[PDB]
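A single chain comes next, written as structure tokens; it is the form deposited without the ligand.
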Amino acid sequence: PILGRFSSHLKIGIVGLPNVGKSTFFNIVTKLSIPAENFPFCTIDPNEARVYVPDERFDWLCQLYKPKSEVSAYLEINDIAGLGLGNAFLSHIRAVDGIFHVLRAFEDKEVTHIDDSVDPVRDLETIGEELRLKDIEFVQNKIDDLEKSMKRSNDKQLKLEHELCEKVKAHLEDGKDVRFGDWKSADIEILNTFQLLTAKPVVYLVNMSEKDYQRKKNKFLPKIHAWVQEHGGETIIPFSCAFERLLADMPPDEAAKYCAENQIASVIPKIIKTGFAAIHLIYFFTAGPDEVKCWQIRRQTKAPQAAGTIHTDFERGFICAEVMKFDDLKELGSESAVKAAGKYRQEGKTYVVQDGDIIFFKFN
């Protein structure tokens, strides 16, 4: 029972102040994004992107079956707005399910009188407090709506929600983000009706010089690390926009030579995989001579709901899911070797699909 909304169609937003590399980062992303014509029913705006999730298990499967269709899962990313105050900012961030938080950890080479006041911890404290204040406001309006409803109705559901809202208001007002509260399952169920800003999981991307990234050291990182440790312990990923930009503009062979020469590598794939996982998406594979494909689902999704994302009938007349975990295929070498070990399963409607499961659905 998790904080988040009940959907496979979840998104991560990019958040940061101006001149931190947020726009350079999104531009790198936008190069790696799927042409919108692949999604005729969907609207990809200029500030949005869908980028393939890299996966070595998928590649292994492709290498084995040599399918006529190779399809990857995607991460939907939205570059957010203007800078937790503006109406437009709120509407765009309330629409995503997680936050790529871009922090600046480099100074300018330009020796000028203009003070670029580089302080990522201060920037963290600012945004945090701003997102909390707007949540304190959201819950306060729900309390007023609720005690309006309690003049009319004597229903206890109202009071349970009112008293919860009170605890959240105290939690938030004590400078604490909703996602690090200790909430019993029913309270999580209620909170999920709100989709409060501070309930959204975050991944910190600390942008720094190619020099710092390469040597794996940065003067701001230790104070950022220590602060995150007191404020949620969520993933911190150091990176250099400038290097990643430089790198994306090359062809693969040049990029490979540059990486060898300079003793350095891209972290973009990891950033993508990490954002995908942080917003609670996973996927199963289908796999055979026709196709190998990553079907994204919210984690905790059961086999019938999963089958439906391929075809409605697979769900409507669900019989079972034939599933062998990817690790068993890899470890033994083939579908038969899996079957002989008794590791090819017939799974029922209660089964919770696991990341990497390779599923062949049966129906009607």
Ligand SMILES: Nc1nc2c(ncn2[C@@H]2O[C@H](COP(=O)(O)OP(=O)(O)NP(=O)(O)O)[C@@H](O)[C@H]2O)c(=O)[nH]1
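Numbering starts at 1 and runs along the sequence shown. Each form is matched to the other, and the largest set of C-alpha atoms that superpose within 1.5 Å is called the rigid core.
Per the records, residue 121 is modelled in every other compared entry, just as the shown structure includes it, so no third of them leave it out. For residue 109, the fraction of other compared entries lacking coordinates, among those that model flanking residues, reaches at least a third. Going from residue 133 to residue 134, you skip over nothing: the modelled chain follows the deposited sequence without a break. Averaged over their C-alpha atoms, the temperature factors of 300-308 and 38-46 are higher for 38-46. Relative to its counterpart among 230-238 and 256-264, 256-264 has the higher mean temperature factor, C-alpha atoms as listed in the PDB entry. Looking at 84, 98, 269, 120, the one whose CA carries the top B-factor in the deposited record is 84. Within the group 156, 104, 293, 273, the record's highest C-alpha temperature factor is found at 156.
Ranked by C-alpha B-factor against the other modelled residues of its chain, residue 346 falls in the middle third. Remark: residue 165 belongs to the middle third of its chain, ranked by C-alpha B-factor as recorded. In the PDB entry, a CA B factor belonging to the middle third of its chain's modelled residues is recorded for residue 328.
Sorting the modelled residues of the chain by their CA temperature factor places residue 58 in the lowest third. Among the modelled residues of the chain, residue 26 sits in the middle third by CA temperature factor in this PDB entry.
One more form of this protein, solved in complex with the ligand, exists but is not displayed; see below.
Backbone and C-beta atoms of the displayed form come within 2.4 Å of three or more atoms of the ligand after its pose in the entry with it bound is superimposed, which defines the site as blocked. Between 21-29, 336-344, 5-13, 350-358, the stretch whose residues reach within 4.5 angstroms of the ligand in the entry with it bound through a non-hydrogen atom is 21-29. Within this chain, residue 241 lines the site of the ligand in the entry with it bound, having a heavy atom no more than 4.5 Å away.
Under a 4.5 angstroms non-hydrogen atom cutoff, the ligand in the entry with it bound lacks residue 268 among its neighbouring residues.
Proximity of residue 106 to the ligand in the entry with it bound: non-hydrogen atoms within 4.5 Å are present. Proximity of residue 136 to the ligand in the entry with it bound falls outside the 4.5 Å heavy atom cutoff. Contact with the ligand in the entry with it bound, defined as a heavy atom within 4.5 Å, holds for exactly one of 289, 222, 175, 82, namely 82.
In the entry with it bound, 207 is the single residue of 173-208 with at least one heavy atom within 4.5 Å of the ligand.
Superposing the rigid core between this form and the one not shown leaves a single residue from 44, 62, 320, 34 with a C-alpha shift of at least 2 Å: 320. A movement of the C-alpha atom of residue 311 reaching 2 angstroms or beyond is seen between this form and the one not shown when the two forms are aligned on their rigid core. With a cut-off of 2 Å and the rigid core superposed, residue 345 has a Cα displacement that reaches or exceeds the cut-off between this form and the one not shown.
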